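*Asks:* sequence, then structure. It's an experimental one.
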Amino acid sequence: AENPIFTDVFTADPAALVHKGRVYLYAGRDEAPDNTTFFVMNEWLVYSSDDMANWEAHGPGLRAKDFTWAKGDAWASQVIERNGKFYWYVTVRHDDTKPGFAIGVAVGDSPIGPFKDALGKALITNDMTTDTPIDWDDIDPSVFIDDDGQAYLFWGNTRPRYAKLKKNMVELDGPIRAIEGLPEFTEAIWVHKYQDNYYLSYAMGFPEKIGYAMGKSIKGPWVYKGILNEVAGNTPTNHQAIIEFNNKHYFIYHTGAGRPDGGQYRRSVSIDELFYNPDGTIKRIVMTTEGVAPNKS
Ligand SMILES: [Ca+2]
């Protein structure tokens, strides 16, 4: 499965999920004419695989403009299943009623949708977080359900943060907490659990690499552990998903390696295998051209 995996579109900010034997893969879609101005993103695209290698294209799943309160900009996202429903947390640009980037939540009854705004309003709004003056801090959501039934929302650019999510998945429960322990944090938090440990991987520095920290609890304390991913080919933004599928571990990300004239604002999803050490640490990723081998049940 030669990387990059999709060649008919540029494709970025991957998020993935396993359901009923299939991997569902979610990505934003880079529509920019060149690598020299800025992101131009309007819609998220959905893909699914049997085996990690052959991908079925289900087309657009959600456009940013599907949020009445949103101006545009369909930035990084993450989907989760809970109670026969699917929650899609998005980064969009709020309209001038609450200036600045915001986090919204959509809902569907199946992995491919149809998806609709679950709230009719932002879940996180720029003015809720004012310990930084920048107006793109509230981006890149990540979502997690711990073994005790408690769900959590993580996000941030420049300022990493989390909060408890109510069962209904569309409401914060309790206060927003600043996360300590993530040297050089930039963005792209991805939380997951493996065996007895918790893992918070993130984009780090600039141009971005991915670093990660481990915790004995979802509330940490987090212990930075080293570099998970080198800086990716022809792109300053590095953006991960980590999933477990069929006894192998998958590290999904993007590169500027596509054609034609791929790069900074014309990115492409690539996939490579992740391996754990016996102590629980993750081997540094090796980003490869040939990508991943099939692996179906
Ligand atoms: Ca803010």
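*Replies:* Yep, it's here. Numbers count the residues shown, from 1 in each chain.

*Asks:* residue 254 should be in a strand, yeah?
*Replies:* Yes - remark: residue 254 belongs to a strand, assigned using DSSP: H, G, I helix; E, B strand; the rest coil.

*Asks:* distance check, it against the ion.
*Replies:* 25 Å (CB to the ion, to the nearest Å). For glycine as for every other residue, the C-beta is placed from the backbone atoms N, C-alpha and C.

*Asks:* the stretch 101-250 of the chain: strands as residue ranges?
*Replies:* 101-108, 116-117, 142-145, 151-155, 161-165, 172-178, 185-194, 197-204, 209-215, 223-229, 241-245, 248-255 (DSSP state E, counting those that start in this stretch).

*Asks:* okay, those strands in a markdown table with mean neighbour count next?
*Replies:* What follows is the strands of the stretch 101-250 of the chain, written out as a markdown table (neighbours: other CB atoms under 10 Å):
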| stretch | mean neighbour count |
| --- | --- |
| strand 101-108 | 24 |
| strand 116-117 | 16 |
| strand 142-145 | 22 |
| strand 151-155 | 23 |
| strand 161-165 | 21 |
| strand 172-178 | 12 |
| strand 185-194 | 22 |
| strand 197-204 | 23 |
| strand 209-215 | 22 |
| strand 223-229 | 17 |
| strand 241-245 | 20 |
| strand 248-255 | 22 |
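
*Asks:* which one of those lies closest to residue 46?
*Replies:* Of all these, it is strand 101-108 that lies closest to residue 46, at 10.1 Å by CB to CB.

*Asks:* quick one on the thing from earlier: so can I have TSV of the strands of the stretch 101-250 of the chain showing distance to residue 134?
*Replies:* Converted to TSV, those look like this (distance: least, CB to CB, whole Å):
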stretch	distance to residue 134
strand 101-108	9
strand 116-117	25
strand 142-145	19
strand 151-155	14
strand 161-165	14
strand 172-178	15
strand 185-194	12
strand 197-204	15
strand 209-215	21
strand 223-229	23
strand 241-245	25
strand 248-255	23
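
*Asks:* tell me how many other residues crowd residue 171.
*Replies:* When neighbours are counted by other CB atoms under 10 Å, residue 171 registers 14.

*Asks:* which residue packs closest to it, ignoring adjacent ones?
*Replies:* residue 165 (7.0 Å; CB to CB, 6 or more residues apart in numbering).

*Asks:* what sits against that neighbour?
*Replies:* Going by CB atoms under 8 Å, 6 or more residues apart in numbering, residue 165 touches 143, 151-153, 171-173.

*Asks:* repeat for residue 223
*Replies:* The neighbours of residue 223, taking CB under 8 Å, 6+ apart as the test, are 181, 213-215.

*Asks:* over to residue 100?
*Replies:* Neighbour list for residue 100: 93-94, 125-127, 135-138 [criterion: CB under 8 Å, 6+ apart].

*Asks:* distance check, the residue nearest to residue 171 against residue 155.
*Replies:* 12 Å (CB to CB, to the nearest Å).

*Asks:* quick check: residues of this structure near the ion?
*Replies:* Listed as neighbours of the ion in the chain under the rule CB under 5 Å from the ion: 126, 129, 137-138.

*Asks:* hmm, back to that, okay, the contacts of residue 165 in a markdown table with distance to residue 197 next?
*Replies:* Formatted as a markdown table, the contacts of residue 165 follow (distance: CB to CB, whole Å):
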| residue | distance to residue 197 |
| --- | --- |
| 143 | 19 |
| 151 | 19 |
| 152 | 16 |
| 153 | 21 |
| 171 | 28 |
| 172 | 26 |
| 173 | 25 |
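
*Asks:* quick one: stretch 235-244 to chain centroid distance?
*Replies:* 7 Å (CA atoms, centre = their mean, to the nearest Å).

*Asks:* please identify which residue in the stretch 51-200 of the chain comes closest to the ion.
*Replies:* residue 129 (3.6 Å; CB to the ion).

*Asks:* hmm, that residue is touching residue 136, no?
*Replies:* No - counting by CB atoms under 8 Å, residue 129 does not reach residue 136; the two are 11.3 Å apart.

*Asks:* returning to that earlier point: number of nearby residues for the residue of the stretch 51-200 of the chain closest to the ion?
*Replies:* Residues near residue 129, counting by other CB under 10 Å: 17.

*Asks:* hang on, the earlier thing: partner residues bridging the residue nearest to residue 171?
*Replies:* Under the criterion DSSP bridges, residue 165 forms beta bridges with residue 151, residue 172.

*Asks:* many thanks, I have nothing further to ask.
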